[PDB]
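Let's start with one chain on its own, the form solved without ligand MTX, as structure tokens.
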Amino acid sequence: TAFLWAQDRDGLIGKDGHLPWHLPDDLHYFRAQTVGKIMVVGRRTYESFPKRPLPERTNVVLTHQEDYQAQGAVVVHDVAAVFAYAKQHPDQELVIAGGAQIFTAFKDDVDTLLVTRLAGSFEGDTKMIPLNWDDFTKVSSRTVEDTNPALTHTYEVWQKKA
């Protein structure tokens, strides 16, 4: 399983349950990556989905109550069950597009970590938590140069190391 997330250089992920900055460029990449794979997105996150719904994709909506019905994605209230499901299908890749609470709960045990850095900065009421360098290491790093300083960003991939 792999976790994909993006955060501002200053230390911001979003605000009012929405993305203050618009980067369709990076978003297209994320959408393409999740193609042919099962991904789980938190309900609060779903509210931020700027390009919804997401047809022709195995998306699952995460909610507190199993009884609650969600459209476009399967509703599961058991965090442990999702993990076991992925374990059952090792061949299938798992990608998580939030929410932050979900990220935190599964932050301690993640096989693949995806980190996106933004050259620009945005103001918001949500700040990203501290990252343990010892817990994870970067397998490789990629540099992307855009005309606008804010547009330019660096993409890196981290994996668990013994």
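In case it trips you up, residue 1 is the first one in the sequence shown, and so on.
Another form exists, solved in complex with ligand MTX; not displayed. Remarks below refer to it.
A.B. asks: Does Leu27 reach ligand MTX in the bound PDB entry if we count a contact as any heavy atom within 4.5 Å?
C.D. replies: The answer is yes: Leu27 has a heavy atom within 4.5 Å of ligand MTX.
A.B. asks: Taking any heavy atom pair closer than or equal to 4.5 Å as contact, tell me whether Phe136 reaches ligand MTX in the bound PDB entry.
C.D. replies: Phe136: no, not in contact with ligand MTX in the bound PDB entry.
A.B. asks: Residue-level question: is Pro50 within 4.5 Å of ligand MTX in the bound PDB entry, judged on heavy atoms?
C.D. replies: Output for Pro50 is yes: heavy atoms within 4.5 Å of ligand MTX.
A.B. asks: Could you confirm whether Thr116 comes within 4.5 Å of ligand MTX in the bound PDB entry, counting heavy atoms only?
C.D. replies: Judged by the heavy-atom cut-off of 4.5 Å, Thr116 is in contact with ligand MTX in the bound PDB entry.
A.B. asks: So, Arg31, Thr45 and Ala97: all three within 4.5 Å of ligand MTX in the bound PDB entry by heavy atoms, or not?
C.D. replies: Looking in the bound PDB entry, the three residues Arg31, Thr45 and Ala97 all sit within 4.5 Å of ligand MTX (heavy atoms).
A.B. asks: Considering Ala70, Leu54, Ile38, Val110, which brings a non-hydrogen atom within 4.5 Å of ligand MTX in the bound PDB entry?
C.D. replies: Checking each option against ligand MTX in the bound PDB entry, the one that comes within 4.5 Å is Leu54.
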